[PDB]
Every structure is written in structure tokens, then in C-alpha cells.
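What follows is a short report on a single structure.
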Amino acid sequence: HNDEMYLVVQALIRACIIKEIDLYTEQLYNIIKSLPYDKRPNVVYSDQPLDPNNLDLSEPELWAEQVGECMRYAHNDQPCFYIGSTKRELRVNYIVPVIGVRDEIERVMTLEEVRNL
Amino acid sequence: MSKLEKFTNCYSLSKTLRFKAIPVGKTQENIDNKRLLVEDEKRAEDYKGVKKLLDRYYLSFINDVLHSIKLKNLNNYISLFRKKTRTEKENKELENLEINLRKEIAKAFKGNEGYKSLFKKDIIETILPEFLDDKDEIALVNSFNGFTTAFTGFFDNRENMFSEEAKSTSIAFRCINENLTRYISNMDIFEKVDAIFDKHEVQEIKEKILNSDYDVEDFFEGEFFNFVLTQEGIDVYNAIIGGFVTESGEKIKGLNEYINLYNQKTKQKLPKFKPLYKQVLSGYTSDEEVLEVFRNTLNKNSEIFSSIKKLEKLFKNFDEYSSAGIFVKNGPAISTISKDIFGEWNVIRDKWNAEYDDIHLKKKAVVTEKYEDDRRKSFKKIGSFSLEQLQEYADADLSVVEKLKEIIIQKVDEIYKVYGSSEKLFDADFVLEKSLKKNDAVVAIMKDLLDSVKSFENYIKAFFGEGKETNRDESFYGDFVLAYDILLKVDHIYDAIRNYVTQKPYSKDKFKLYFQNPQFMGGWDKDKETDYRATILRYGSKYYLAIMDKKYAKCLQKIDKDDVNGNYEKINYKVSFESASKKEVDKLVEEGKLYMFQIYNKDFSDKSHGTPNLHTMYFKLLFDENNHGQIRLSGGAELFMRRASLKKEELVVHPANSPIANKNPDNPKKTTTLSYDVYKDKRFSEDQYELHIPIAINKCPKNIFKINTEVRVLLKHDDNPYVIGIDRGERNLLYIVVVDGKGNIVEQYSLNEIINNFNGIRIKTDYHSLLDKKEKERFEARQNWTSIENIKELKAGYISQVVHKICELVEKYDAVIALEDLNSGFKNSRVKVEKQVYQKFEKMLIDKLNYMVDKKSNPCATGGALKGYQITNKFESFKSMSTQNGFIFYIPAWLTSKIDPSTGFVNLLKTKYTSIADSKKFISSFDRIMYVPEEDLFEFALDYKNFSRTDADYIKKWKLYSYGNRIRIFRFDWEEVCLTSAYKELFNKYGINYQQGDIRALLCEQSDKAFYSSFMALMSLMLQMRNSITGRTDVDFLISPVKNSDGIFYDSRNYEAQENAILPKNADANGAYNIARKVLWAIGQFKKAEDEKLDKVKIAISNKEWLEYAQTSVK
RNA sequence: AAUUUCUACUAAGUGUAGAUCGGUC
Ligand SMILES: [Mg+2]
Ligand SMILES: [Mg+2]
């Protein structure tokens, strides 16, 4: 019960991380659903733990299309973030908003969502 | 009076209603306790087995018919085909003899060998059970007792196959035309040069290994064409020339590989034989299967990429071949290669015109638009531009094969650039753990790959000729056609992938129920009355279908009124009702003796306050009292049960009491809140019944007459029609012009936004900004297939809304409709609306305007569902959109956007800089170049007799000026250039006199070239009428350099922001308003012509009399 | 983002605005 509890501790670190991401997803969901679909930021999407205070701008998976339609998951009720229009079916559950359009974006844009409105 | 009194209810039209049927009571429990589910699934899968095994049985029937058929007139068609024909009406005797072969093989098809026990119940119930060994399938056949509706549909397909139509699906066209003309072609190859090829391998070794049949040299006679038409003749004949394994480890090749193996001069300029086709009868379901197809076809070392290397080696062989005899198919891509090699497109046309000017054009040119249209159809008529002809079209320092070769290595080098980023995709262990529908970059790789390969496929299919022509090259066309067919196979791979990736996440599977009756309600309570076992019950706003089980329907007719409650009126008089009771049929349903499926939709709800749909208003006026016979029922009502697609795991909701945002920025509210659940696509997670009720409208007509003649008679006495220009625009994507009969603008407006009307509330919704953001999505998604399908279907809903607006214009104004035409031969490729979507627009005009129904009118009078308007004939083909269809007046349009709406001047001066000789001739053609200091403008009094292609003017002598300023778009850069500052910039520059009149000879005194080039530049800016910005939408104005007789110039900024625009506002209103004035000219032709002369009035307008009417009728 | 199916909405609170004949590639 030495290394097993060690990887359990790693799973608990990932639990605190994914609950920080889920908490910021909830408050960020509130400030995004406060916006009338025009002052929305261009948001990086992912289906992986994306940890906005530890964002890595390395891979070409970074994308900057305007988010919308952040509705539930009605077996577990979630904020869900279609990255395009209604009819693109690109639902995700991990988002980080950034500055503007594509190509070597700026870095983080943390907690400036009230300055978008 | 009005013009709508005679065009109502003229002819018949059938429709198919669709409504919602849900189970009521214990009907689902009785279907579960009578075992109606396994026999429809098993019977359906066995039906797919019947379609497969009748493809196989009909394949054996083709094997039986085409086996023992001999020919008699074979040698005459061969010989007279290859005697280098002598056409004194000879080829109509040759081709008529070929028609005698078509009636010979069609006489063999129709005359004998069965032909009567083939599309009935005996081929499927008597001949099929004695066929098909491994007799479990025979037990799968006998469960189709009398259900031959999908069987008679498949029989309709299999009688559309074998007919006297001679298409690619017809076997007689394929074998006679393909196998006989390729057979005679192989005898023309085989008799000319085969003595160089071989005399020892063919008859000694190949005959011994392959067949030990008759000789291969004897296979070029009458005996073999009677044998090759079987499947074994195709297997042997393609086993000799193509090769065959010969049931060993030999894997021998054919004759063309021996032509490659002959090694005469290490070039092998020898003809190759043509392969002959087989019979006409020879995954899109998972990510890994279509991905495995991509791991089969487009990998690194396939035969497909090897055939592409045979195309590159084939253009190397083209570099060491000749340049004569290789034909080019005439189309739009000869302009594309004109842009590739030469400067512009029609330059090659002009060089063709040069040879045409060698033939028809003499001194004192008599060139008219009839000469340009006969010249254009002569350009279509040639169709056989060879490479030596393009070499004669080439000027000095213009190498066709060298610039052609460098730019095609540029194209396949760009394809190699796509392949360079495609190597690291599927190297070693490519099992992509994500979804194919989820990842973005791989779809971009395969998309750019299939777009490069498919665009190269359009280019190489533009490198065909005409076929069956004169002396043509003999080794290029073999690998050209074969690698072309391999490239058509990867075109099918593009079809499979593009049809797979855009799959929606909800599936639609409907199937008709029968309830074990092959007589299910084919009429409407006829004299049978027990074979249909179903009738329409009604209760208020809820309808109830009564399906009777046959074990109780024989003694179910006990219909008491009962005088209490629950009058379920049954339908009869095949149309009236008979009352009944309530608790009797409640006992029947609750004991399991009757089925009652509720007919209902959204519009029969009590929780509703708005205007219903159109099918519901068809259905309410169906059973109404004063139905004189307008809307009646018809047979073939079809109840489709539909399964579930969205499972219970992936449902996403809008919850209760949560203020969510709102999409439309034109919403006066910003948030909204409900007290319950709003799901995402609830209508697909259920199991649902959907009923089709086919009705017929005006089955007994009133007035059958010619529509267009009556339109031309009633508008002959009329003085004020209206015309509705619907034109594809650069910025305003759709626009509406509605003009009177005289020419004054009545109502012009744009369709960037749609005004939604509900409960008196008028809320607009813009599609210019929305589809502008959809073009932002197409501008950035790293994927476009789903994006382009969203643009296509978004424009389909958009043009449906436009269909509503045009129907409101016909129901409100009752206009004649000139809109924009698809068959004028025009192609601009600048607007955001493509051609196929507008084909769907006019297709929905044909399918909509057959019987047009207003929704908010009186059903007693005209306009409703009972007496709707019939203003457009039926649908025939895409080529039926020819100049007139009912009130839809199709009008072709040449030179309407780039023409002055005030005066009518069009771009006739070709101000492309050619040389200094035509520049001195250009300035010397001006009869009066004078300057005045008071106006500070540059006057140009000139004659249109001294210029090329300016004979279409009526006056020929005009006074021009230069007013305003221009935007020189590229020195983009936005180089805004004024008028007096440029000429005084050049005249204060170079220091010549300009303070004097009549300086047309002082301008020709210069010998430098940049003076003439800059003057041609200022003529290009002065005649550039499109004075737009192409940046922001600040001022998209249209100012003209030509004033009218009133003395004022047309500045569109003054005539835009007005309450009553007497002039058009932009180029789109210019174009559509000029099409409107073309129908004003056509009604002028209605005023010129006679009464019966209206049968043949020319409506297709020219341009010379359009310049005459455009100039001489401005006021 | 709720429909007889399709599209743009929430649009006065399990809907609202339009359009649709046909089984067949
Ligand atoms: Mg409604
Ligand atoms: Mg929708």
C-alpha cells in the first residue's frame, strides 16, 4: 500500500485540479451566460483538463472561435459550450477564454470577463 | 376587376399530407401481445435478401438471355463503318442499320425466353422457391404473401432498366455501342500494325496456356463477337489482353505490357488495345471502416499513386511526343489554361476570332450581335481545338508545351506539397483513439488532399477531346483513359468520405406498417368495408384512427347512437359521417379488440394562440360542410412507424428557472426564463407514428386553356403591371425591385433581413450579419464540409423565407415576375450566392407555385386552400426554365450591372493598353479634345465609328466629361485618384500646353510611352463605373461620367438616402431595374405585335435594341 | 432550443415564424 496510495494522492491532486476547472467553468459559465452572444470572447475549447492558470500555448490545437449555447447535460446537468453556431455539434466541457482571433494569441486573459461587458 | 378571376383552379394537383399518430390506450400492449414486431423486422431483412437474390437471379437471367444470340448483319456495319464514310445520307443508313441491331437485340429481349413470368407473383412465389438452394432462404421467401408494394416498386426500377432508352444503364447500349465500337476499333488497331508485335507468343504459347480455343487472330471476325457478349467471353478476352493467373503461380501479363516489353527504340510508339467493359450488374457505417478505405486507396504505394506516377511519366512522354492531333474539349477550362499560359481568357478566342476574321470579316465591318452569337455558337460548334492549332494561336516567345509543362509541374508540385504534410499521418500504429467526427486537423488534411486531387481530376477531364474523331495519338490515350478511370474511382472515394463525415447525430428510420392485411385502407370505406379494416373517427380537436382486427371485424358492425355522449362519427359515402357510441369501443380497446391511434399535431393543441400551418388548414377544410369537391381524398394512405435514435444518455436540457441568454441581437429582450424543461431534440428519442394522407385538389377541372397566351392578352389591354427584380448581389445578397408599367420605381428594398410577424409584434432578424458570421466560420474552422453544408441548408431556409416573401408579393401586388435567369450563359463568380442554391430557389418556385394558398384569408372566397391560385405549370426538367413558365417570366441578362441607370452607357471602349500605335490612334480618334477653365473639367466629344465594337449605338457621336472622383483600387492599396489633379499632374508634369482649346493634335506630338500609358490609365479610371471600396461598407456608390440631357450627372449618394427613390440606389438595383426595363421593352413588344402574333413574340432580348431602348427611352 | 420533417428563434410561457410531394439512389 505504498505506491498505490501514492497514485491515489496523484488522483486527488487531479481531483482538486478538475474541481478548480469545474468551479471556474461554473462561474465562467455565469459570466458567459450574462453576455448577449456578441461580447463573447474567442474561447479555446478542450475535452481535457485545461487548467487556465497553467495554460500552455504550444500545440496547434489552440483555436479562437466565438463560443455559445452553454446548456446542460441532463443526466448530470452541465454547462456545455458549442464553439461555433447551433448546427456544428462541437459540444465540449473544458474552456479557456483568450484575447481575440487566431494565430499566436495573447497569453491568458484571466478574470477580465467583467471588462468584456 | 382583377386578373386573378380566371387563373384559379384550372388543373389538378396531388399532395401528400403528413400528421402525427400516437398510441391511445392499451394498443401498444396488444401489439406486444400479438407478436407484430419480429415478423416486420425479419420480413424487412428478408426483403433486403430478396433484393440481393433477385439482383443475383436477374444476373443469371442476363446470363441466360445473352448466351445463345448470333448476328447476321455484323460484317456490313464493320465494313461500312471502316470504309471512311461517304455521307450522301450514308451515316443515317449506317446508324439506321444500328437501330436495326437495337431492334434485333430488343427483339431478343422482348420476343421470347419468358418475359411474362418476370414481374408478377409467380416469379416470386413459384419460380423463386424452386430456385435458391440451401433452403433456409426458401423459408425466408414464403413470408411475403401479397405484400408486393415495395416489390412492385423494385419492379418499376427493373422495368426502367430494360427499355428502348439506350442509356448507360441499358445493356444494349453498352454491349453494342461500347463492345462493338471498341471491337471495330481493336480490329482497326489489329489489322494496321500487329505484324511488328508478335507471331510466336500469341498462337503457340498463349493459346496453349489460356484457352486451347479458336485462334486469337481469328477472334477479330464474326464468330467472336457472338461469344464475347457472355461473361466468359469478357473473362477470356480480358484474360488475354489484360492477363490472368491461369490457376497457377504464373501471373502472366497481356499484350500491351509486351508492347512495353518489345523495346524497339525505348519509346514504343505503337497503338494499344482498348479494354471492354463487363455487365451492368458488375462502408459509410463506422469510422474505422472508411478510415480503412483511406488505408487502402490513398496510401503511399498503391496502384492509384502509381497511376499518378504514370501520369507524370505520361507527361514526360508528352514532352517526347508530337503536338498534333491531341484534341482539347471545349468548355470553360480552355479559358482556364488561357489564364495559365497566356494573359487573359478570350485572347485564345480572339486568336480563333483572328482565323474567323480571316474568313468572314471583310473591309467595312458589319459586325452585329447576331454575328457575335453565330460566332459564339460557332465557337461551340468547333469543339476540337488541337495543340497545333493552339501553337498557331501562340505568338512569339510563347512556348505552349514548356509553359504548360512548367505550370502542370507547378500544379502536381502543389499536390506534392499537400502530400508532404500527409506522410506522417498513418505511418505505423494509426488507430486514432478520438472520433473522426471530433478531430479537426485530419479532416483538413484529407479535405485539401481530395480537393487537390479532385480539382486535378476536373483539369484532366478537361484534357479530353471529342472522341470517335480522326487520326489521334496512340499511347497517350491508353494510360490517359485508364488512369482517368482510377481517378474516377478515387472520385467515388471522395463521394464515400464526403457522404460519411457530414452524418447527423440523429438517424431517421421510418417504415410502413400493415397489421397483416395486404389491403390496408387502399380506398376510403368503399363497398368492401371489411378488407380495409380502418376508418377515421373524430372527437373534437382530437382524431382517432380505427384499425380493426380481422378476428373481430367480421361481427364488429354494432353501431348504436346510444343518445348519451361520445359521438365518434365514422367516415363513409366514398363523404359524410355516421354517429356511434363511446363505451362500446372503449370496451373493445380495453379488452383488446380495436386499435385507435390519435391523429394530432402541434396545431390541434389547446395550448396555442397563433396561426396554424398549411397542412393543418388543408386538413380542416377537408371535412368541412361546404366542400363542393375542391379538396378530396385519394388512395395510398401510409402510416410510418419511426424508431428511436437519441438514447437517454446524451440528452441536454434548458432547465427550469434559469435566465439563459438570447441569440438574436435584434431581440428587444436580452434574457428569458421558463418554469419547466426545454430539451434538445425530444422528437427523436421517442417512438412515433406518422401518417401520410394523400389528397388531390381540383381533380375535376373547370377551365383548361393556354396560360401564357391569356397572360399576353390580358396584359395587352392592361396599362400598369409590376416587375420584381430578384438579383444576386455583391453586398446586398438578395434584392427586390418592384416597378410599374411605365418605369417609375414603386418599391425597391433589400432582403438582408426578414421581418417576422407574430401577434402584431414585428421583430426583424438579419441574415447579412448572420451569414457574414457563417462566412467567418468558413474563414476559420480548419474544416469546411459541415460549414459549407450549413451555408447550403441555411440558404435553403433563407430561400424558403424568400419564397414566403415572393408569395406575399404575388398575393398582394399580383405582378408579372421578371427575376434573374440561370440559362443566359453568364458567369461572374463574385456574388456570395452560388448557382446550385439558386437552382434550388427556382425549383422551389416550380414546386411551390403550382397551387399557391394564402393562410390568413377567407376560405369561402378565393385565395384559401379550397380556391388557391394555379399560376405555374408542372416540373419537367432543369432545361424547362426557358424564357417563360406561367407568370415566371425568365429573362436573360447581359450588361445590366455595369451600365449607367441614368443615361444607358455601357463599357464599349476597350481601354486595355495594347501598344503606342493604337494609343495614338485612340487619341486621334477623338474629334474634339478641349479644355475650359470655368468648369475645370476635361471634355471629350467623340465619335463611335472610329472604335472597335461600337456599332451598337444609335447616335454614334457623344459628349462626355469627367465628374466626381475615383478609387483606383491597386497601384489592395486604396489609391483614391481625383480627376483634374491627375491630368494637371501629368500636364504640369511633362510641361505641355493645356490652357487652349482643340489640343487633340498637341497630345499626339509626344513620342514617350508613359504619357500614352498614363492616358490609357486615366481612361480606364474614367470608364471604371464600379466606384466601390471593397473594404468597409461606408459608401458603395455608383457615380457616372456621362450626364443626361438634363445636364446633371448621376451621383448615387444623393439618390440613396431618400424617401421616394426615382433612381436606383446601387449596382444591384441598377441590374435588376434594368431587367425590369427589359420586360418593359417586352410589353412594348406586346404593344407592337398583333393578337395571334403573341403566340411567337421573341422575349429573349438582344443588346443593340437594348442600347436603343436604354438611350432613347430615359424620359 | 421544444416541431408532422427542414431552417432561422424563445417569440408571453410543454411553444412561436415560414416552406414541403414524394418511397427510391
Ligand atoms: Mg405555429
Ligand atoms: Mg433548430
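Here, A, B, ... name the chains of the C-alpha cells in the order displayed, residue numbers run from 1 inside each chain, and ligands are numbered from 1 in the same displayed order.
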Handout entry: Proximal residues of chain A relative to chain C (only C-alpha atoms (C1' of nucleotides); 10 Å) as number ranges by chain
Key = A: 69, 71, 86
Exercise for the section: Skip residue 460 in chain B itself and residues of its chain fewer than 5 positions away, then list as an MDAnalysis selection string all residues within 12 Å of it, counting only C-alpha atoms (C1' of nucleotides). Expected result: chainID B and resid 308 311 315 328:329 333:334 337 408 411:412 453:455 465 477 480:481 483:485 487:488
What are the DSSP alpha helix (DSSP H) residues of chain A, as a compact mmCIF listing (two decimals) with N, CA and C atoms, in the first residue's frame?
# COMPACT_ATOMS: atom_id res chain seq x y z
N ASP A 3 2.92 2.56 -3.19
CA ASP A 3 2.78 3.28 -4.45
C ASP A 3 1.33 3.42 -4.87
N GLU A 4 0.47 2.51 -4.40
CA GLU A 4 -0.96 2.60 -4.68
C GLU A 4 -1.56 3.84 -4.03
N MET A 5 -1.21 4.09 -2.77
CA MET A 5 -1.66 5.32 -2.11
C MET A 5 -1.01 6.55 -2.71
N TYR A 6 0.19 6.40 -3.28
CA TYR A 6 0.89 7.50 -3.95
C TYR A 6 0.14 7.94 -5.21
N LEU A 7 -0.27 6.98 -6.03
CA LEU A 7 -1.06 7.32 -7.21
C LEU A 7 -2.48 7.73 -6.84
N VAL A 8 -2.98 7.29 -5.68
CA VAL A 8 -4.23 7.84 -5.15
C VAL A 8 -4.06 9.31 -4.80
N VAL A 9 -2.91 9.69 -4.23
CA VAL A 9 -2.63 11.09 -3.93
C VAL A 9 -2.53 11.90 -5.22
N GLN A 10 -1.93 11.32 -6.27
CA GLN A 10 -1.92 11.97 -7.58
C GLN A 10 -3.33 12.13 -8.14
N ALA A 11 -4.20 11.14 -7.89
CA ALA A 11 -5.59 11.24 -8.33
C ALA A 11 -6.35 12.30 -7.54
N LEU A 12 -5.94 12.54 -6.29
CA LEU A 12 -6.59 13.58 -5.50
C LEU A 12 -6.10 14.97 -5.90
N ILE A 13 -4.83 15.07 -6.32
CA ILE A 13 -4.33 16.31 -6.89
C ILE A 13 -5.07 16.63 -8.18
N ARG A 14 -5.27 15.61 -9.03
CA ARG A 14 -6.07 15.80 -10.24
C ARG A 14 -7.54 16.05 -9.91
N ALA A 15 -8.00 15.61 -8.74
CA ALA A 15 -9.37 15.89 -8.31
C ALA A 15 -9.53 17.35 -7.92
N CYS A 16 -8.59 17.89 -7.13
CA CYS A 16 -8.60 19.32 -6.82
C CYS A 16 -8.42 20.17 -8.07
N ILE A 17 -7.61 19.70 -9.02
CA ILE A 17 -7.41 20.43 -10.27
C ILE A 17 -8.70 20.44 -11.09
N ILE A 18 -9.34 19.28 -11.25
CA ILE A 18 -10.54 19.20 -12.08
C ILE A 18 -11.73 19.89 -11.39
N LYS A 19 -11.67 20.05 -10.07
CA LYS A 19 -12.73 20.78 -9.39
C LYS A 19 -12.47 22.29 -9.39
N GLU A 20 -11.20 22.71 -9.48
CA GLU A 20 -10.93 24.11 -9.78
C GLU A 20 -11.38 24.46 -11.19
N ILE A 21 -11.14 23.55 -12.14
CA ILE A 21 -11.56 23.77 -13.52
C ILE A 21 -13.08 23.74 -13.62
N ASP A 22 -13.73 22.90 -12.82
CA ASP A 22 -15.19 22.85 -12.84
C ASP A 22 -15.80 24.07 -12.15
N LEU A 23 -15.13 24.57 -11.10
CA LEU A 23 -15.60 25.78 -10.42
C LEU A 23 -15.47 27.00 -11.32
N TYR A 24 -14.31 27.15 -11.97
CA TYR A 24 -14.11 28.24 -12.91
C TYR A 24 -14.98 28.07 -14.15
N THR A 25 -15.35 26.82 -14.46
CA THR A 25 -16.32 26.56 -15.52
C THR A 25 -17.71 27.01 -15.10
N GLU A 26 -18.02 26.93 -13.80
CA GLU A 26 -19.34 27.35 -13.34
C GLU A 26 -19.46 28.87 -13.28
N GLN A 27 -18.48 29.54 -12.65
CA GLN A 27 -18.51 31.00 -12.57
C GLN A 27 -18.31 31.63 -13.94
N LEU A 28 -17.40 31.05 -14.73
CA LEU A 28 -17.21 31.48 -16.11
C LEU A 28 -18.45 31.21 -16.95
N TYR A 29 -19.18 30.15 -16.63
CA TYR A 29 -20.47 29.91 -17.27
C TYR A 29 -21.48 30.98 -16.91
N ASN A 30 -21.45 31.47 -15.67
CA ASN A 30 -22.36 32.55 -15.29
C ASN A 30 -22.02 33.87 -15.98
N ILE A 31 -20.75 34.25 -16.05
CA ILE A 31 -20.37 35.48 -16.73
C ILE A 31 -20.48 35.36 -18.25
N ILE A 32 -20.41 34.15 -18.81
CA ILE A 32 -20.67 33.95 -20.24
C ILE A 32 -22.16 33.97 -20.56
N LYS A 33 -23.00 33.34 -19.74
CA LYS A 33 -24.44 33.40 -19.96
C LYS A 33 -25.02 34.76 -19.61
Practice task
Please extract the residues at most 6 Å from ligand 1, counting only C-alpha atoms (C1' of nucleotides) and all ligand atoms, and provide them as a VMD selection string, using the chain letters and residue numbers of this document.
Solution key: (chain B and resid 610 to 612) or (chain C and resid 16)
Output N, CA, C and O atoms (P, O5', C5', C4', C3', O3' and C1' of nucleotides) for every residue in the selection just made, as a PDB file, in the first residue's frame.
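So part08.pdb came out as:
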ATOM      1  N   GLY B 610     -51.760  31.056 -31.914  1.00  0.00           N
ATOM      2  CA  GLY B 610     -51.294  31.619 -33.159  1.00  0.00           C
ATOM      3  C   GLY B 610     -51.907  30.951 -34.378  1.00  0.00           C
ATOM      4  O   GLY B 610     -52.766  30.070 -34.280  1.00  0.00           O
ATOM      5  N   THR B 611     -51.439  31.397 -35.533  1.00  0.00           N
ATOM      6  CA  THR B 611     -51.954  30.898 -36.802  1.00  0.00           C
ATOM      7  C   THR B 611     -51.351  29.526 -37.091  1.00  0.00           C
ATOM      8  O   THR B 611     -50.132  29.356 -36.971  1.00  0.00           O
ATOM      9  N   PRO B 612     -52.163  28.522 -37.462  1.00  0.00           N
ATOM     10  CA  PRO B 612     -51.613  27.180 -37.715  1.00  0.00           C
ATOM     11  C   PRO B 612     -50.833  27.062 -39.018  1.00  0.00           C
ATOM     12  O   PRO B 612     -50.611  28.053 -39.721  1.00  0.00           O
TER      13      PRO B 612
ATOM     14  P     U C  16     -47.904  27.574 -31.103  1.00  0.00           P
ATOM     15  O5'   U C  16     -46.891  28.711 -31.570  1.00  0.00           O
ATOM     16  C5'   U C  16     -47.006  30.038 -31.082  1.00  0.00           C
ATOM     17  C4'   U C  16     -45.878  30.907 -31.580  1.00  0.00           C
ATOM     18  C3'   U C  16     -45.654  30.906 -33.081  1.00  0.00           C
ATOM     19  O3'   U C  16     -46.567  31.727 -33.784  1.00  0.00           O
ATOM     20  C1'   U C  16     -43.578  30.668 -31.975  1.00  0.00           C
TER      21        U C  16
END
Handout entry: Exercise answer, chain B residues close to chain A, 9 Å and only C-alpha atoms, as a PyMOL selection string
Key = chain B and resi 438+440-441+504-505+648-655+659-665+670-671+679+774+777+780-781+786-787+790
How would the residues just chosen look if you wrote them out with N, CA, C and O atoms as a tab-separated table (two decimals), in the first residue's frame?
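Ended up saving to out_6.tsv:
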chain	number	residue	atom	x	y	z
B	438	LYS	N	-14.70	14.27	-34.48
B	438	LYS	CA	-14.27	15.18	-33.42
B	438	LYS	C	-12.97	15.89	-33.76
B	438	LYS	O	-12.84	17.09	-33.50
B	440	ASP	N	-10.04	17.72	-35.96
B	440	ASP	CA	-10.19	18.80	-36.93
B	440	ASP	C	-9.09	18.81	-37.97
B	440	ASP	O	-9.36	19.06	-39.15
B	441	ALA	N	-7.84	18.55	-37.57
B	441	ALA	CA	-6.71	18.69	-38.49
B	441	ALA	C	-6.68	17.60	-39.55
B	441	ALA	O	-6.32	17.87	-40.70
B	504	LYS	N	-25.47	13.32	-39.52
B	504	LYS	CA	-26.09	13.96	-38.37
B	504	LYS	C	-26.11	12.99	-37.18
B	504	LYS	O	-26.17	11.78	-37.37
B	505	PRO	N	-26.07	13.51	-35.95
B	505	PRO	CA	-26.07	12.62	-34.77
B	505	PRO	C	-27.42	12.02	-34.43
B	505	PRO	O	-27.53	11.37	-33.38
B	648	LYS	N	-30.96	7.77	-24.01
B	648	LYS	CA	-31.22	8.52	-22.78
B	648	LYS	C	-29.96	9.03	-22.10
B	648	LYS	O	-30.07	9.69	-21.06
B	649	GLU	N	-28.78	8.76	-22.65
B	649	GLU	CA	-27.53	9.20	-22.05
B	649	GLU	C	-27.09	10.58	-22.53
B	649	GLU	O	-26.50	11.33	-21.75
B	650	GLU	N	-27.41	10.94	-23.77
B	650	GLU	CA	-26.88	12.14	-24.41
B	650	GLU	C	-27.94	13.23	-24.56
B	650	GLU	O	-27.92	14.00	-25.52
B	651	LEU	N	-28.88	13.31	-23.62
B	651	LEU	CA	-29.88	14.36	-23.65
B	651	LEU	C	-29.39	15.58	-22.88
B	651	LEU	O	-28.83	15.47	-21.79
B	652	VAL	N	-29.61	16.75	-23.47
B	652	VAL	CA	-29.15	18.02	-22.91
B	652	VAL	C	-30.35	18.97	-22.88
B	652	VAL	O	-31.11	19.05	-23.85
B	653	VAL	N	-30.52	19.69	-21.76
B	653	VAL	CA	-31.77	20.39	-21.50
B	653	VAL	C	-31.48	21.88	-21.26
B	653	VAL	O	-30.34	22.28	-21.02
B	654	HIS	N	-32.52	22.69	-21.41
B	654	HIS	CA	-32.59	24.01	-20.77
B	654	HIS	C	-33.42	23.84	-19.50
B	654	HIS	O	-34.60	23.46	-19.59
B	655	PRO	N	-32.86	24.08	-18.32
B	655	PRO	CA	-33.55	23.73	-17.07
B	655	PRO	C	-34.62	24.75	-16.71
B	655	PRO	O	-34.86	25.73	-17.42
B	659	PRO	N	-32.16	32.03	-16.04
B	659	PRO	CA	-32.17	33.02	-17.12
B	659	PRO	C	-31.04	32.78	-18.11
B	659	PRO	O	-29.87	33.06	-17.82
B	660	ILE	N	-31.39	32.27	-19.28
B	660	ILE	CA	-30.43	31.97	-20.33
B	660	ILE	C	-30.37	33.14	-21.30
B	660	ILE	O	-31.28	33.98	-21.35
B	661	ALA	N	-29.29	33.20	-22.07
B	661	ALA	CA	-29.06	34.31	-22.99
B	661	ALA	C	-29.93	34.15	-24.23
B	661	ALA	O	-30.69	33.18	-24.37
B	662	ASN	N	-29.84	35.10	-25.16
B	662	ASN	CA	-30.65	35.08	-26.36
B	662	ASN	C	-29.79	35.37	-27.58
B	662	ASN	O	-28.92	36.25	-27.55
B	663	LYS	N	-30.07	34.65	-28.67
B	663	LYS	CA	-29.18	34.62	-29.83
B	663	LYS	C	-29.28	35.91	-30.65
B	663	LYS	O	-28.26	36.53	-30.97
B	664	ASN	N	-30.49	36.31	-31.01
B	664	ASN	CA	-30.72	37.40	-31.95
B	664	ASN	C	-30.36	38.74	-31.31
B	664	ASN	O	-30.90	39.08	-30.25
B	665	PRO	N	-29.45	39.53	-31.91
B	665	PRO	CA	-29.18	40.87	-31.37
B	665	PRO	C	-30.30	41.87	-31.61
B	665	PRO	O	-30.27	42.95	-31.00
B	670	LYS	N	-33.34	40.55	-23.53
B	670	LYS	CA	-31.96	40.07	-23.54
B	670	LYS	C	-31.86	38.69	-22.89
B	670	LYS	O	-31.00	37.89	-23.25
B	671	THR	N	-32.73	38.42	-21.92
B	671	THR	CA	-32.79	37.12	-21.26
B	671	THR	C	-34.21	36.60	-21.31
B	671	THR	O	-35.15	37.30	-21.69
B	679	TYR	N	-35.85	20.59	-23.81
B	679	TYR	CA	-34.84	19.61	-24.18
B	679	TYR	C	-34.16	19.98	-25.50
B	679	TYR	O	-34.44	21.01	-26.11
B	774	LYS	N	-21.26	33.30	-40.72
B	774	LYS	CA	-21.06	31.95	-41.25
B	774	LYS	C	-19.92	31.92	-42.25
B	774	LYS	O	-19.24	30.90	-42.38
B	777	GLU	N	-17.07	31.69	-40.17
B	777	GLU	CA	-16.85	30.29	-39.82
B	777	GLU	C	-16.17	29.53	-40.95
B	777	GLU	O	-15.30	28.69	-40.71
B	780	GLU	N	-12.63	30.58	-40.81
B	780	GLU	CA	-11.82	29.97	-39.76
B	780	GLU	C	-12.61	28.84	-39.09
B	780	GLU	O	-13.44	29.06	-38.19
B	781	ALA	N	-12.39	27.62	-39.57
B	781	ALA	CA	-12.77	26.42	-38.83
B	781	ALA	C	-11.78	25.27	-38.96
B	781	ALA	O	-11.98	24.26	-38.28
B	786	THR	N	-18.89	20.47	-43.13
B	786	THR	CA	-20.04	20.81	-42.30
B	786	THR	C	-20.37	22.29	-42.39
B	786	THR	O	-21.54	22.67	-42.31
B	787	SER	N	-19.35	23.14	-42.59
B	787	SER	CA	-19.59	24.57	-42.72
B	787	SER	C	-20.29	24.89	-44.04
B	787	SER	O	-21.25	25.68	-44.05
B	790	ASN	N	-23.78	23.81	-43.79
B	790	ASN	CA	-24.55	24.78	-43.01
B	790	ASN	C	-24.87	26.02	-43.82
B	790	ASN	O	-25.92	26.65	-43.62
Problem - Check: which chain B residues lie within 9 Å of chain C using only C-alpha atoms (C1' of nucleotides), as a PyMOL selection string - result: chain B and resi 14-20+150+153-154+157+600-602+607-608+610+613+615+653-654+662-664+672-683+690-691+756-758+761+763+765+767+793-798+800-801+803-804+844+847-848
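For the atom pair formed by CA of residue 286 in chain B and CA of residue 640 in chain B, the distance is 26.9 Å, given to one decimal.
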Practice task
Give me every strand (DSSP E) residue in range 7-112 of chain A, going by DSSP on the backbone, as a PyMOL selection string.
Solution key: chain A and resi 42-46+65-66+94-98
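Between CA of residue 355 in chain B and CA of residue 384 in chain B the separation is 14.5 Å.
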Completion exercise
As a check of understanding: the span from CA of residue 284 in chain B to CA of residue 494 in chain B is 11.8 Å
Handout entry: Pick from B:435, B:160, B:410, B:170, whichever lies nearest to residue 102 in chain B using only C-alpha atoms
Key = B:170
